[PDB]
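Asker: To start, I am sharing the structure in question, which I have written as structure tokens.
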Amino acid sequence: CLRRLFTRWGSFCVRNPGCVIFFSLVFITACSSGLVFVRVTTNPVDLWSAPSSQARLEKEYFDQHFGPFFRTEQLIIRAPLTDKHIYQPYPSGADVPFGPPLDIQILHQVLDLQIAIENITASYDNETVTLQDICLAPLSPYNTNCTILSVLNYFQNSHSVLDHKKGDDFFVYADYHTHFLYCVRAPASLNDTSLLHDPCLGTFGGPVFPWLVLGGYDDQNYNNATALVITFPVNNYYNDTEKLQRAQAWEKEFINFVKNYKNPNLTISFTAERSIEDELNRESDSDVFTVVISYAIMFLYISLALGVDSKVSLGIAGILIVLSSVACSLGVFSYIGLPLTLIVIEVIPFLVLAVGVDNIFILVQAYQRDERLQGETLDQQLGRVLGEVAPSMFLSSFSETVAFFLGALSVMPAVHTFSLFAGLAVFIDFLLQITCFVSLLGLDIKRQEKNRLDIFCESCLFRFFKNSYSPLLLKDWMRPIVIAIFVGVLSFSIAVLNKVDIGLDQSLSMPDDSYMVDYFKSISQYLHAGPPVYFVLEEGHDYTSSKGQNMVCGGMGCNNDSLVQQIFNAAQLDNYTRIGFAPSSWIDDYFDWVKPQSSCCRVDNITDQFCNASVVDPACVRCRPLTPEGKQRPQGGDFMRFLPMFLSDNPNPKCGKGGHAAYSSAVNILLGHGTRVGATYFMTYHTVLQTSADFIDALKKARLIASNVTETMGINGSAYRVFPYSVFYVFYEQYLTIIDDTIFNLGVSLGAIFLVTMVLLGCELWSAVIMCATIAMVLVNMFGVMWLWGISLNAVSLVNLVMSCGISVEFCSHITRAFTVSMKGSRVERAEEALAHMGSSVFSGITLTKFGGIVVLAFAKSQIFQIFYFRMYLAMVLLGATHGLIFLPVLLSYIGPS
Ligand SMILES: *[C@@H]1O[C@H](CO)[C@@H](O[C@@H]2O[C@H](CO)[C@@H](O[C@H]3O[C@H](CO)[C@@H](O)[C@H](O)[C@@H]3O)[C@H](O)[C@H]2NC(C)=O)[C@H](O)[C@H]1NC(C)=O
Ligand SMILES: *[C@@H]1O[C@H](CO)[C@@H](O[C@@H]2O[C@H](CO)[C@@H](O[C@H]3O[C@H](CO)[C@@H](O)[C@H](O)[C@@H]3O)[C@H](O)[C@H]2NC(C)=O)[C@H](O)[C@H]1NC(C)=O
Ligand SMILES: *[C@@H]1O[C@H](CO)[C@@H](O[C@@H]2O[C@H](CO)[C@@H](O)[C@H](O)[C@H]2NC(C)=O)[C@H](O)[C@H]1NC(C)=O
Ligand SMILES: *[C@@H]1O[C@H](CO)[C@@H](O)[C@H](O)[C@H]1NC(C)=O
Ligand SMILES: *[C@@H]1O[C@H](CO)[C@@H](O)[C@H](O)[C@H]1NC(C)=O
Ligand SMILES: *[C@@H]1O[C@H](CO)[C@@H](O)[C@H](O)[C@H]1NC(C)=O
Ligand SMILES: *[C@@H]1O[C@H](CO)[C@@H](O)[C@H](O)[C@H]1NC(C)=O
Ligand SMILES: *[C@@H]1O[C@H](CO)[C@@H](O)[C@H](O)[C@H]1NC(C)=O
Ligand SMILES: *[C@@H]1O[C@H](CO)[C@@H](O)[C@H](O)[C@H]1NC(C)=O
Ligand SMILES: *[C@@H]1O[C@H](CO)[C@@H](O)[C@H](O)[C@H]1NC(C)=O
Ligand SMILES: *[C@@H]1O[C@H](CO)[C@@H](O)[C@H](O)[C@H]1NC(C)=O
């Protein structure tokens with residue numbers, strides 16, 4: 001029935017093209033104003049997760065816990081121009097070798113670099129900002145020393161303390177070797193056992209553990225460390241931009257300072273937590289010219305290869321109609337308020353250009369092959385061609401729009417934002433193609449009929465060769481061979497289906513030969529500990545009874561399966577349960593603080609005030625009596641009576657490290673009638689983690705210790721849990737269920753494609769099943785290609801897969817319709833008619849995107865662009881072409897109905 005409205009509409013547009021072009025331009029500039037209005041695009045690193053996800057919400061809770069995770073400005077450092085040197089102690093019999101950067105002079109130089117960074121000045125708001133302004137100092141205003149995890153903090157970042165040398169002027173009883181080999185064994189002691197009782201604490205960033213500062217060593221022999229680590233953590237507020245961009249300005253200042261540091265005895269490696277965003281922005285800028293020149297080639301082909309009489313202005317007009325559809329959909333979607341990811345900016349114009357050029361060429365070459373008959377007015381020729389061809393363009397474009405508009409049902413944000421734009425852009429494309437471009441075609445027909453230079457204003461060469469191609473490869477000679485080869489290759493891709501990869505390799509996602517590739521190679525080469533993991537026991541636990549404490553605490557007196565104990569046992573088998581070390585426990589150190597034996601806690605005679613551990617007043621008595629009931633862990637109120645005193649005491653040589661030092665932010669204290677210990681974390685670290693697989697494993701198993709511990713706890717219903725949080729849990733959680741999301745997405749596509757292209761084709765089941773079955777072949781073979789060229793299954797590749805099928809509809813759909821409706825007496829005859837009539841046009845929506853999908857590789861060296869976008873575009877152009885224009889005519893010659 002569509003042929004009546006299509007025909008009288010073609011005659012209407014041919015009649016009065018002014019109304020058509022004018023109105024359609026009111027539409028075009030109407031929607032395209034939202035492009036200039038909102039224009040908002042999203043680039044925050046939240047692009048790889050949907051809100052209200054598991055890891056996303058857990059990130060919220062940890063963002064009330066200790067707030068945001070700090071930004072890490074790190075330096076992996078080493079000395080190439082020094083050798084080992086051996087320490088022979090006096091006089092006890094043993095020997096300890098010392099690695100290359102363990103030489104004292106190299107340590108001195110590293111301290112010079114460290115002090116050079118310690119006062120680095122950046123200017124924000126025409127003001128002054130140092131590292132002291134942005135670093136996180138735990139203690140304030142007492143001891144605002146910046147947290148710096150370097151080995152030199154064993155000597156308090158001071159040369160005069162590094163050059164202690166107990167011993168007469170011949171023998172050495174204790175030098176830096178000794179203090180080092182004692183601190184890396186008890187790095188929270190304030191008194192060395194021998195050397196003038198030097199402290200192993202630091203300019204307090206904290207008790208410096210040797211995994212955060214030493215690398216390349218072996219097996220608890222820290223004395224052979226081949227590369228030191230200097231970690232400046234800096235506060236990283238998420239809900240504030242003044243302080244954030246302050247820290248970022250200082251970070252690029254740091255990056256430039258390290259890029260320009262002359263020291264022939266050192267080989268550095270560095271990273272500020274703004275390095276990856278800045279280096280990705282830098283990365284996707286070298287190949288923009290190459291994309292533009294690709295589009296230049298494609299537009300040129302569209303201008304010349306249509307049909308000094310040719311269709312140049314026509315091709316330019318169709319190009320502008322496609323771009324008007326793109327900017328129209330972008331305009332309306334920005335109007336309503338929609339972020340516009342870069343993936344969309346890359347995938348959308350290629351798609352809308354392929355579909356638009358396909359419909360354009362179908363219509364134009366549909367008129368060119370057509371011969372009028374006697375009294376044919378332009379209404380009754382171009383309305384006839386429009387009624388003859390428009391059902392195919394409408395079938396394809398409509399199935400595509402309904403399969404892309406339906407792709408945005410999933411939760412993955414990239415494919416969401418993409419598929420919306422895809423749907424509306426293809427629909428507006430078809431509308432500006434059936435309304436405006438028809439009245440644009442009749443006018444070039446008039447121009448060519450009046451004989452005025454078509455640049456200044458039978459069946460050509462290829463219809464011949466298609467007519468020669470069909471019978472040779474459609475005879476019963478070839479007819480089985482095609483099913484043989486395509487079913488065989490299909491089975492091959494089914495074989496390498498389960499053996500395909502997942503994730504983004506860190507070093508390849510960077511412009512090779514940046515300052516970041518060296519960092520990744522040298523953290524795989526040296527470092528011994530990954531990003532910290534915080535084990536959050538949510539608010540609501542007791543913490544104030546022997547039962548409640550035995551559920552949580554570790555070591556002596558507490559249960560076998562408590563939180564700390566389970567984290568520690570999992571730290572034993574660190575190469576499986578990705579968790580590296582024992583957990584920094586707040587309650588375990590609190591119990592070793594209020595000890596009546598260790599004089600760390602003393603309260604006044606009546607005033608009940610905490611007594612500074614260095615005080616001297618005979619009125620502070622025991623916080624807990626040494627009565628056998630007293631010399632015990634504080635159950636009940638006494639707990640809350642002394643916990644805030646612990647979370648205030650700063651390090652004292654007559655006591656420990658104090659609670660303010662490390663656990664002041666690790667323990668939330670809610671003053672609600674009258675004191676409680678809600679929402680506390682236990683911190684440890686995360687082994688290696690040098691590939692996407694490693695990250696996924698760490699996520700799985702850390703959450704496994706989570707649910708596992710929460711099981712061993714007496715949970716009243718499900719109130720609170722014990723979840724783990726690291727920096728990366730939000731980004732590598734898509735891969736936790738990408739396959740279920742792939743299967744679904746593509747699946748829904750092949751459903752929509754199946755529904756429309758079956759009801760649109762006269763409720764004919766077999767035409768659909770054959771067509772979208774061939775498209776399923778396209779996608780499975782596409783996964784085989786993914787295996788062969790080694791591309792991954794992330795959000796980008798999945799988006800390009802959905803779009804890949806949506807573009808395969810443009811190959812198989814037109815042929816399927818052209819065969820389904822025809823009155824030839826044979827299956828083979830209708831196959832030749834369909835393939836010759838439509839295949840000659842479809843192979844002009846192919847050659848342009850191939851000749852662009854060649855220059856795409858030509859000048860673009862970005863590994864992500866060359867491996868993902870180029871090889872996939874190529875894969876779906878060649879794969880789709882060969883599956884719609886080679887196999888499908890054979891499968892239809894076999895099972896195509898009559
Ligand atoms: C990394 O450091 C390890 C520190 O323990 C070290 O083991 C130690 O190796 C030295 C080698 O000089 C042994 O010193 C030995 O020197 C005399 C020289 O004749 C030998 O006869 C003896 O074996 C003597 O022990 C240390 O004794 C040894 N330390 C211990 C506790 O056994 C590793 O060899 C170092 N490895 C690397 C790759 O650097
Ligand atoms: C998990 O893997 C770790 C490395 O991936 C591994 O450390 C490596 O293994 C041991 C240290 O335990 C050292 O191998 C050493 O074995 C004996 C002592 O048991 C000594 O003769 C030598 O020190 C020998 O080299 C490796 O040097 C060490 N590698 C590095 C880079 O430090 C862990 O031990 C593994 N943990 C478990 C629980 O298996
Ligand atoms: C925080 O660090 C500074 C230096 O970074 C410490 O200053 C040192 O003070 C003691 C004197 O009592 C000596 O080690 C040196 O005179 C200083 N060292 C340097 C490098 O200047 C300061 O004491 C630290 N603050 C606390 C509370 O420990
Ligand atoms: C920064 O401070 C250090 C001492 O902490 C000093 O040696 C250096 O000259 C200072 N640099 C600038 C630019 O102020
Ligand atoms: C900052 O302000 C001062 C005077 O207020 C001016 O002299 C200086 O040029 C400003 N800084 C920059 C970078 O323009
Ligand atoms: C601990 O170190 C200090 C140095 O400040 C020293 O005075 C004190 O005697 C040391 N303690 C012991 C028990 O040696
Ligand atoms: C390290 O380099 C400095 C200057 O670059 C030089 O004075 C010193 O001698 C060097 N030390 C070694 C061990 O090469
Ligand atoms: C803790 O001890 C019990 C015996 O009381 C034992 O059965 C259980 O396996 C232990 N837990 C772990 C994690 O080994
Ligand atoms: C502290 O108070 C008690 C009250 O029983 C008193 O006996 C004691 O003398 C007081 N402390 C001093 C140093 O006087
Ligand atoms: C006790 O400690 C605080 C800070 O730790 C310090 O300011 C105070 O002076 C100390 N007590 C005395 C009596 O000095
Ligand atoms: C959790 O794993 C531990 C092994 O460490 C075991 O004691 C406990 O039974 C597990 N929880 C459940 C619900 O199986």
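By convention in this document, the chains of the structure tokens carry letters A, B, ... by their order, each chain's residues are numbered from 1, and ligands are numbered from 1 in the order they are shown.
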With a cut-off of 10 Å, could you pull out the residues of chain A touching ligand 3 and give me the nearest pair of atoms for each, distance in Å to one decimal, using only C-alpha atoms and all ligand atoms, ordered by chain and ascending number, as a tab-separated table?
Answerer:
residue	atom	partner	partner_atom_place_in_ligand_line	distance
A:115	CA	ligand 3	5 (O)	9.1
A:118	CA	ligand 3	5 (O)	9.3
A:139	CA	ligand 3	27 (C)	9.2
A:141	CA	ligand 3	27 (C)	9.9
A:142	CA	ligand 3	27 (C)	6.8
A:143	CA	ligand 3	27 (C)	4.3
A:144	CA	ligand 3	1 (C)	7.2
A:145	CA	ligand 3	1 (C)	4.9
A:146	CA	ligand 3	1 (C)	8.1
A:153	CA	ligand 3	5 (O)	9.5
A:155	CA	ligand 3	14 (O)	9.0
A:156	CA	ligand 3	14 (O)	6.9
A:157	CA	ligand 3	20 (C)	5.9
A:158	CA	ligand 3	20 (C)	4.6
A:159	CA	ligand 3	20 (C)	7.6
A:160	CA	ligand 3	14 (O)	7.8
A:161	CA	ligand 3	14 (O)	7.1
A:201	CA	ligand 3	28 (O)	9.3
A:202	CA	ligand 3	28 (O)	7.7
A:203	CA	ligand 3	1 (C)	4.6
A:204	CA	ligand 3	28 (O)	6.8
A:205	CA	ligand 3	1 (C)	9.7
A:650	CA	ligand 3	27 (C)	9.2
A:651	CA	ligand 3	27 (C)	8.8
Asker: Take the residues that were just selected and, keeping N, CA and C atoms, output them as an mmCIF file, in the first residue's frame.
Answerer:
data_model
loop_
_atom_site.group_PDB
_atom_site.id
_atom_site.type_symbol
_atom_site.label_atom_id
_atom_site.label_comp_id
_atom_site.auth_asym_id
_atom_site.auth_seq_id
_atom_site.Cartn_x
_atom_site.Cartn_y
_atom_site.Cartn_z
ATOM 1 N N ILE A 115 63.457 16.793 47.566
ATOM 2 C CA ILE A 115 63.257 18.137 48.095
ATOM 3 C C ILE A 115 62.947 19.115 46.969
ATOM 4 N N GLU A 118 59.349 18.624 46.593
ATOM 5 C CA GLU A 118 58.655 19.007 47.820
ATOM 6 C C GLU A 118 58.261 20.479 47.821
ATOM 7 N N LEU A 139 47.829 14.637 60.043
ATOM 8 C CA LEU A 139 47.803 15.413 61.273
ATOM 9 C C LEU A 139 47.772 16.902 60.941
ATOM 10 N N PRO A 141 46.414 20.808 62.994
ATOM 11 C CA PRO A 141 47.564 21.545 62.461
ATOM 12 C C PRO A 141 48.892 21.073 63.049
ATOM 13 N N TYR A 142 48.819 20.150 64.003
ATOM 14 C CA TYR A 142 50.021 19.522 64.535
ATOM 15 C C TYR A 142 50.699 18.719 63.434
ATOM 16 N N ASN A 143 51.954 19.063 63.141
ATOM 17 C CA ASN A 143 52.756 18.330 62.169
ATOM 18 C C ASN A 143 52.055 18.237 60.816
ATOM 19 N N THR A 144 52.065 19.327 60.043
ATOM 20 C CA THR A 144 51.511 19.325 58.695
ATOM 21 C C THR A 144 52.491 18.779 57.661
ATOM 22 N N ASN A 145 53.430 17.921 58.070
ATOM 23 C CA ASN A 145 54.374 17.330 57.116
ATOM 24 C C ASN A 145 53.632 16.507 56.067
ATOM 25 N N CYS A 146 54.007 16.696 54.804
ATOM 26 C CA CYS A 146 53.282 16.067 53.707
ATOM 27 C C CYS A 146 53.570 14.574 53.648
ATOM 28 N N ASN A 153 62.167 8.560 54.096
ATOM 29 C CA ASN A 153 61.436 8.880 55.316
ATOM 30 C C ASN A 153 61.817 7.976 56.480
ATOM 31 N N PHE A 155 64.800 8.001 57.341
ATOM 32 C CA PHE A 155 65.739 8.959 57.908
ATOM 33 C C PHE A 155 65.140 10.362 57.980
ATOM 34 N N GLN A 156 63.808 10.461 57.951
ATOM 35 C CA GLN A 156 63.077 11.722 58.107
ATOM 36 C C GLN A 156 63.492 12.766 57.071
ATOM 37 N N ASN A 157 63.781 12.307 55.849
ATOM 38 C CA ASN A 157 64.043 13.190 54.707
ATOM 39 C C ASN A 157 65.159 14.191 54.999
ATOM 40 N N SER A 158 66.116 13.802 55.840
ATOM 41 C CA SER A 158 67.175 14.701 56.277
ATOM 42 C C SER A 158 68.528 14.035 56.081
ATOM 43 N N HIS A 159 69.450 14.754 55.435
ATOM 44 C CA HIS A 159 70.802 14.235 55.254
ATOM 45 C C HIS A 159 71.498 14.040 56.594
ATOM 46 N N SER A 160 71.333 14.998 57.510
ATOM 47 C CA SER A 160 72.007 14.920 58.802
ATOM 48 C C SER A 160 71.581 13.692 59.593
ATOM 49 N N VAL A 161 70.365 13.198 59.363
ATOM 50 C CA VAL A 161 69.937 11.960 60.004
ATOM 51 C C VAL A 161 70.330 10.746 59.167
ATOM 52 N N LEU A 201 59.812 5.975 62.042
ATOM 53 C CA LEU A 201 58.779 6.814 61.471
ATOM 54 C C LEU A 201 59.424 7.857 60.557
ATOM 55 N N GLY A 202 58.572 8.671 59.929
ATOM 56 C CA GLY A 202 59.016 9.680 58.992
ATOM 57 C C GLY A 202 58.419 11.043 59.305
ATOM 58 N N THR A 203 58.818 12.028 58.492
ATOM 59 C CA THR A 203 58.057 13.263 58.377
ATOM 60 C C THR A 203 56.639 12.811 58.079
ATOM 61 N N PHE A 204 55.782 12.816 59.097
ATOM 62 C CA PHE A 204 54.753 11.790 59.157
ATOM 63 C C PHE A 204 53.778 11.782 57.990
ATOM 64 N N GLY A 205 54.107 10.983 56.979
ATOM 65 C CA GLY A 205 53.121 10.473 56.054
ATOM 66 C C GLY A 205 52.616 9.148 56.581
ATOM 67 N N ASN A 650 48.798 12.001 69.020
ATOM 68 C CA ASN A 650 49.785 12.014 67.956
ATOM 69 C C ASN A 650 51.047 11.295 68.419
ATOM 70 N N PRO A 651 51.894 10.836 67.490
ATOM 71 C CA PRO A 651 53.014 9.965 67.875
ATOM 72 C C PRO A 651 53.859 10.548 68.999
#
Asker: Would you list the residues that come within 12 Å of ligand 10? Count only C-alpha atoms and all ligand atoms and give the answer as an NGL selection string.
Answerer: :A and (139-143 or 609-617 or 645 or 647-653 or 657-661)
Asker: Residues near residue 463 (chain A), anyone? I mean within 12 Å using only C-alpha atoms, not counting same-chain ones fewer than 2 positions away, as a VMD selection string.
Answerer: chain A and resid 365 to 366 368 to 369 458 to 461 465 to 470 833 835 to 841 843
Asker: Which residues are near ligand 9 in this structure, taking near to mean any atom at most 8 Å from a ligand atom and counting only C-alpha atoms and all ligand atoms? Format them as a ChimeraX atom specification.
Answerer: /A:605-606,618-619
Asker: Skipping near chain neighbours, those fewer than 2 positions away, what residues fall within 12 Å of residue 707 (chain A) using only C-alpha atoms, listed as a PyMOL selection string?
Answerer: chain A and resi 535-537+563+566+700-705+709-713+715+718+720-724
